[PDB]
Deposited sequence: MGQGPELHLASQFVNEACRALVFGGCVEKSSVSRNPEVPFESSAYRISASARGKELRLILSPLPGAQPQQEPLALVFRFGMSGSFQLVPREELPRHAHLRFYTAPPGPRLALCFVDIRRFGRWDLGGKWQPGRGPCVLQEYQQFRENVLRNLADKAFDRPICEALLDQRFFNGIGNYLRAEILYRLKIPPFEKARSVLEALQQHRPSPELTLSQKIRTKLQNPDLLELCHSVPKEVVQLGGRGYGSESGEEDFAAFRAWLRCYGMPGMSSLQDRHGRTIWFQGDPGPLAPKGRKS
């Protein structure tokens, strides 16, 4: 997922787990190359926050829970197919690679990190990935300053469409978001990044890096809504103006990722 999907996933965990109590161990699928979670508690709560393309889970034992255990933080990157689902304990979806089990009483649920392609990762510790820039959703002012104070960086030599995927500067921006952002300002995707960013040192490119992904969050859904997978999927596809849309052009960037756009490809075009 991108920033909006990670943010909605964090809201799903907080909303869905608000009145739940978990017990026992954290179970990893045997095929996951991610680390075992050394955590056991008779009674713990799960909460979440998102920063860009990362999600932090906090496992917080209730007072008197046994065995003795301090809160534990886990940080997730979702890759191409990461998600969280709350399911019945004996109806685990395929590719549920990490599970947290509700304690009794009541219906036995499992909170699952589900990842079909297994591009997703998690680490022990609550640390955000070093070198990842500030969250375009939740840390806009820090994000904007971090870009404008580092335009000398060789990252800004590249086409703007490629610079927008660089997570040191645009933490949370992925492939659909770069197409939607550039389309709203009609900025050619193969314009030089430094030229577009020097020009802004009237909502501009850095502001849309915040307000555009925020619209996706405000839509809700993306697999985390009150509405079915069909209704959430229709609402998202109705919101897209550029990415995959008929009448739009598409090219491969230098890493073979497809950029969608209208009109002028821009000067650094392959």
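- Coordinate coverage of the deposited sequence is interrupted at 1, 203-221, 291-295, where no C-alpha atom was modelled.
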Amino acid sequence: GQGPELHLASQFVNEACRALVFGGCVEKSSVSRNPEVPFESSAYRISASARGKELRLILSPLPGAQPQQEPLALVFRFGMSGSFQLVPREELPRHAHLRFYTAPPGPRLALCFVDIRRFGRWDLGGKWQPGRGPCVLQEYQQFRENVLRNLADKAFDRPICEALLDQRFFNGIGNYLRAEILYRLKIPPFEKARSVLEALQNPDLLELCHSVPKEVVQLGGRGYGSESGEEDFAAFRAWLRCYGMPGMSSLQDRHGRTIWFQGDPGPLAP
From here on, numbers count along this sequence of modelled residues.
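- As listed in the deposited structure, the average C-alpha B-factor of 52-60 and of 38-46 is greater for 38-46.
- In this crystal structure, the stretch out of 102-110 and 126-134 whose C-alpha atoms carry the higher mean B factor is 102-110.
- Reading the B-factor column for the CA atoms of 94, 192, 186, 144 in the entry, the top value corresponds to 94.
- The PDB entry assigns the greatest CA B-factor among 117, 168, 178, 77 to 117.
- Ranked within its chain, residue 88 lands in the highest third, by CA B factor from the PDB record.
- Sorting the modelled residues of the chain by their CA temperature factor places residue 9 in the lowest third.
- Per the deposited record, the Cα B-factor of residue 270 falls in the highest third when ranked against the other modelled residues of its chain.
- The deposited CA B-factor of residue 210 belongs to the lowest third of values across its chain.
- In the deposited entry, the Cα temperature factor of residue 200 places it in the highest third of its chain's modelled residues.
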